[PDB]
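Whatever order the structure lists them in is the order used to number ligands and atoms, beginning at 1. Residue numbers begin at 1 in each chain, while the letters A, B, ... track the order of the sequences.
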Amino acid sequence: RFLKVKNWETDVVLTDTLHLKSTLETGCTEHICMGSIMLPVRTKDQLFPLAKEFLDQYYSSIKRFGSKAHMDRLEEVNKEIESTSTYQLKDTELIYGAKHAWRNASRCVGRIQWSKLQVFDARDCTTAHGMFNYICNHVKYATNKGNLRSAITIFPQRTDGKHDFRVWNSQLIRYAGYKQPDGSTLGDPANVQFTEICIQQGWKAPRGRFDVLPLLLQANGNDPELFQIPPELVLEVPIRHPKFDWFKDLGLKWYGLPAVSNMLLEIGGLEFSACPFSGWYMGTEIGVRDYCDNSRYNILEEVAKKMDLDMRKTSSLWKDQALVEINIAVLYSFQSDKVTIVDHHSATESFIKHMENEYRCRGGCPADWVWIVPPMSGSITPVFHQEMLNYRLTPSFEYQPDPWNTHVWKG
Amino acid sequence: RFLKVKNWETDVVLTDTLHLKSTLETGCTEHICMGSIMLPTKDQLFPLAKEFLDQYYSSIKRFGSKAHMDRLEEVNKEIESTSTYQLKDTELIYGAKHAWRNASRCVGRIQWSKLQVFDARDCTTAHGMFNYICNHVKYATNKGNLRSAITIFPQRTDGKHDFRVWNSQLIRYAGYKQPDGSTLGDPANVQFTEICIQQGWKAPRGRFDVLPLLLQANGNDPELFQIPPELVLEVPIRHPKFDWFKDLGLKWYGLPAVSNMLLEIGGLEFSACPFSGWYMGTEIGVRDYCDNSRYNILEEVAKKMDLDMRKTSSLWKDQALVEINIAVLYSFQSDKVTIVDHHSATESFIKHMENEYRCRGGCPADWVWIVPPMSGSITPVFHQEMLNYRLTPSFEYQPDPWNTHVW
Ligand code: HEM
Ligand code: HEM
Ligand SMILES: Cc1cc(N)nc(C[C@@H]2CNC[C@@H]2OCCNCC(F)(F)c2ccc(F)cc2)c1
Ligand SMILES: Cc1cc(N)nc(C[C@@H]2CNC[C@@H]2OCCNCC(F)(F)c2ccc(F)cc2)c1
Ligand SMILES: C[C@H](O)[C@H](O)[C@H]1CNc2nc(N)[nH]c(=O)c2N1
Ligand SMILES: C[C@H](O)[C@H](O)[C@H]1CNc2nc(N)[nH]c(=O)c2N1
Ligand SMILES: [Zn+2]
């Protein structure tokens, strides 16, 4: 069956046939839509079909579907599963899989880039120290002195789920949060709980507004260990505004490298529980969410205070006014320092072109509208007007619960 | 089956039970989500009638009583004999208020129960429709102190005698396409405007020409009526800081009045049921003024502000967007015409959600529509999870009549 999507600004109509390869469930039914819900040990039995399915896709992609090379590999994976209860991906399959998990990430507006991804194979890793070294190399390679390059590092897969590799940090680079006795927070309020564990684990906290957290790393199901990323590896940008000279005196900065470390990569039925990836920022992630969420740095009042805005009625749109200037500043600062960044206009336009190309080549592009639309100026970006179909393809990236709720402490 | 919704900013978690009384289908399956798609007999009628009267009698604390069982019989007999039935005034008022209560796409529902219902089921001609609508417009406008209202024309019968308002809103501006190649006025209404001219309208060919009503009574060919100019309250648009703003020549109308929708109460279809409240500023300032396919005035405003338009990363569109919206709000307030800003409206709606959760067991809500088209994440609705489902009585969208009329 065919499904259509309309763009209401252009009347372009696209046809989705790809949704027919979708296995996993959405959380939605014919009676309820859960499109805005943030969150809506394997057997031999269930593994070979998922392996088979994936290898069929891989072999099609490289135009060898049905070849002797394809059949032999099905055979070989077959045997490995019956004998060992799992299997190992060839390099070429890991690369392809990691790329396709990004291609299939419906919440990611950055996917025009999906085919340029540096895959770092770290399946030979055995210790947290080893993980640390692999992660440092990732950071240095991705950062590339401000000319950011997309990369992912893939640590060994789940075996019995008693031996998981996990990166406890939600991103490789993030600032500490310190809840004070008066109830105010110092630094990033999102990271308070994680900061507390780091400190409990022996970290000596500087206790300022922008202290880069230590990595907390779990290898082979062991208790995790602290490591400080070398500071010369952590590229940071001080935030200033092109016209407002007082902006720098707010004392803001942000890190250049967005690097998601808490997700689970699934390929051919195997689960990679530590697979930190990175690209570059869209300016709104920092300027809207990180700086302006009430539960984050929450700088709207102080910025509007300094801009002498009428702050006595919401209808002066003082919040909206300060929001734009902060986002101007973020982009200005990154650009002035030659750190890769993309504005939300450019990102969404690029994404619409990617989406259209995907419909032509692939028969679809799963997209989560709730996430794709930027969190400022929604309707002046072309994605606002774009109907999207959301569905789940594998390979995929999935959220996993924070590991401190699940970890069996060895002591 | 007991579903939770989380606010990610306040950590408030609410439990939804109301969705289990959901009746209609969303267009989502367990395989595909269609959350962002704009458009996803006597035997059939009696269960629909019963389900409604059951909720009605429960709402008046009279469920399963003498009066309840009696009405159910009477309606059953009327259906069996006549193939439809008629609502009591009380049922109609309740039906209408609830349709708005159930509108998951509507941010303003904190107001749902203050709805003035105008019963126009005794209407029989287009001229009568025009009279009823003028009266609605004047009552709702109220010299700027806007009051919510709906006017309900006769229900569908065999479907060949439908009442319809051909306009999508009671008050909208004309759109004309020029030899130039571009568009004069509102480009969303080009098609409607040509039909008007085609049926006889003497268009002034300006930028802001209030369209005539095209009213169809009892399935007949529709007819043109100009709304009395003195009944259409308009607002000239100025900026509190920018002198030059006024000279853009911008105005908007004070009364948002949706007139193309279909009201379903207890299985009965009211295909002409124009309703109105008051505007959230973003509807005009963001959508009407700034959509590429609408008046699209970002490019011209950015220029007057002397901003750097060379590159998208200067955020000139965004800068101009805010000031445009400051201007819409300032003007309406200065002219004493009811308007709400998106901060205030979304805050109220979170209050509304919590009342509905604790009082009703939920509140169906479509996040894609509730979050404003500017500054999403600084309004509290962005961070609020919502469950979208279809409750009845309801408003449903209907195809433009000119697609589906026998001329
Ligand atoms: C290259 C530049 C990239 C840009 C500009 C970009 C942009 C974004 C944005 C704005 C989001 C929304 C989520 C949020 O706002 O926190 C997102 C989500 C996501 N991206 Fe991308 N992204 C990029 C690269 C990548 C890469 C390299 C990968 C993986 C290989 C990736 C995978 C994902 C996934 C899995 C999500 C969902 C995240 C979650 O569920 O928390 N992205 N992206
Ligand atoms: C009183 C102030 C009101 C406010 C501030 C308000 C606000 C809104 C907004 C912002 C939307 C989004 C639709 C769009 O962007 O075009 C909407 C949709 C809607 N509203 Fe409300 N509204 C109000 C009154 C009413 C009333 C009186 C009714 C019915 C009696 C109603 C029923 C609906 C319906 C059915 C929709 C969806 C319309 C569609 O599908 O196109 N609203 N409203
Ligand atoms: C509950 C929950 C579920 C889920 N899937 N995810 C979360 C992380 C949230 C998403 N929103 C805020 C926070 O995630 C913040 C980090 N997100 C960065 C990114 F994914 F957008 C990204 C990745 C790579 C790039 F190169 C550029 C950007 C929470
Ligand atoms: C295709 C389609 C489907 C659908 N359901 N609807 C449409 C009208 C579009 C939707 N979105 C913008 C435009 O409709 C503009 C009119 N909307 C006004 C309102 F509904 F928001 C409203 C009603 C009463 C008030 F007091 C205040 C506001 C098109
Ligand atoms: C409740 C709602 O789904 C939630 O706040 C979402 C909305 N859209 C988002 N979009 C992005 N890119 N990132 C987010 O964290 C969110 N949060
Ligand atoms: C495709 C998408 O659903 C469409 O552009 C929607 C998005 N959200 C909206 N939200 C509101 N309030 N009104 C609209 O017209 C739209 N349009
Ligand atoms: Zn859905």
Side-chain angles (χ1 to χ4, degrees), chain A residues 5-10 25-40 105-110 170 190 258 260 282 284-285 288-290 293 295-296 344 347-348 367-376 378-379 381-391 399, chain B residues 5-10 12 25-40 103-108 168 188 256 258 279-280 282-283 286-288 291-294 342 345-346 349 365-374 376-377 379-389 397:
Chain A
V5 297
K6 188 177 172 166
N7 184 295
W8 284 90
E9 181 186 346
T10 67
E25 290 174 342
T26 53
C28 293
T29 76
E30 308 90 70
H31 293 120
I32 203 151
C33 167
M34 313 226 299
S36 71
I37 318 305
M38 293 204 65
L39 302 155
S106 68
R107 297 169 145 165
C108 174
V109 78
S170 59
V260 165
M282 181 162 76
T284 52
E285 308 174 62
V288 193
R289 312 303 312 288
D290 302 327
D293 278 10
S295 308
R296 302 290 302 289
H344 55 286
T348 53
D368 180 343
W369 189 105
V370 168
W371 284 53
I372 301 302
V373 174
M376 73 175 295
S379 84
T381 71
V383 297
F384 189 89
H385 307 272
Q386 182 68 54
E387 296 189 335
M388 299 170 196
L389 289 175
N390 194 202
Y391 48 89
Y399 172 90
Chain B
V5 290
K6 184 173 172 177
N7 186 307
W8 287 88
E9 170 162 280
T10 53
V12 170
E25 283 173 351
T26 60
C28 295
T29 82
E30 9 88 313
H31 281 270
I32 195 141
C33 180
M34 294 204 163
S36 66
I37 314 301
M38 290 208 69
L39 306 159
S104 68
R105 282 171 170 168
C106 181
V107 69
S168 59
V258 171
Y279 261 123
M280 173 164 81
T282 57
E283 300 176 79
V286 183
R287 299 304 313 280
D288 297 325
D291 271 25
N292 183 251
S293 60
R294 297 297 292 296
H342 53 297
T346 54
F349 179 75
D366 177 341
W367 187 104
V368 171
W369 282 57
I370 303 293
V371 174
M374 76 171 301
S377 70
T379 70
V381 290
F382 184 88
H383 305 273
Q384 178 66 56
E385 294 183 338
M386 298 163 195
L387 288 167
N388 190 203
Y389 48 91
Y397 172 90

Peer 1: Closest approach of A:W369 and A:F384, non-hydrogen atoms and distance?
Peer 2: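 For A:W369 versus A:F384, the nearest heavy atoms are NE1-O, 3.1 Å.
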Peer 1: Search all heavy atoms of A:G27 against all heavy atoms of A:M34 and return the closest pair with its distance.
Peer 2: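 So the two residues come closest at O-CG, 3.0 Å.
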Peer 1: What heavy-atom pair brings B:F349 and B:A365 nearest, and what distance separates the two atoms?
Peer 2: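 Looking at all heavy atoms of both residues, the shortest contact is CZ-CB, 4.0 Å.
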Peer 1: Which N, O or S atoms belonging to the protein are less than 2.8 Å from the Zn ion (ligand 7)?
Peer 2: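 Sorted hits: A:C28 SG, A:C33 SG, B:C28 SG, B:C33 SG.
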Peer 1: B:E9: which residues meet the side-chain contact (heavy atoms from CB on, under 4.5 Å) condition with it, sequence neighbours left out?
Peer 2: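 So B:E9 forms a side-chain contact (heavy atoms from CB on, under 4.5 Å) with A:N294, A:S295, B:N7, B:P380, B:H383.
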Peer 1: Nearest heavy-atom pair of B:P373 and B:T282: which atoms, and what distance?
Peer 2: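 The answer is CD-OG1, 3.9 Å.
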Peer 1: Going by the side chain to side chain contact (heavy atoms under 4.5 Å, CB included) test, name the single residue among A:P40, A:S106, A:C28 that passes it with B:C33.
Peer 2: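 Only one option passes, and that is A:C28.
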Peer 1: To check you understand the geometry: which heavy-atom pair defines the closest contact between A:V383 and A:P374, and what is its length?
Peer 2: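 Result for this residue pair: CG2-CD, 4.0 Å.
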Peer 1: According to side-chain contact (heavy atoms from CB on, under 4.5 Å), who are the partners of B:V5, at least two apart in sequence or on a separate chain?
Peer 2: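 For B:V5 the side-chain contact (heavy atoms from CB on, under 4.5 Å) partners, ignoring immediate neighbours, are A:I37, B:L14, B:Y357, B:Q384, B:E385, B:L387.
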Peer 1: Heavy-atom contacts with ligand 5 below 4.0 Å: which residues, ordered by chain and residue number?
Peer 2: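 Near ligand 5, by chain and number: A:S36, A:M38, A:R289, A:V370, A:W371, B:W367, B:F382, B:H383, B:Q384, B:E385.
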Peer 1: Could you pull out the closest heavy-atom pair between B:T26 and A:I32, with the gap in Å?
Peer 2: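 Heavy atoms of B:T26 and A:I32 come nearest at CG2-N, 3.8 Å.
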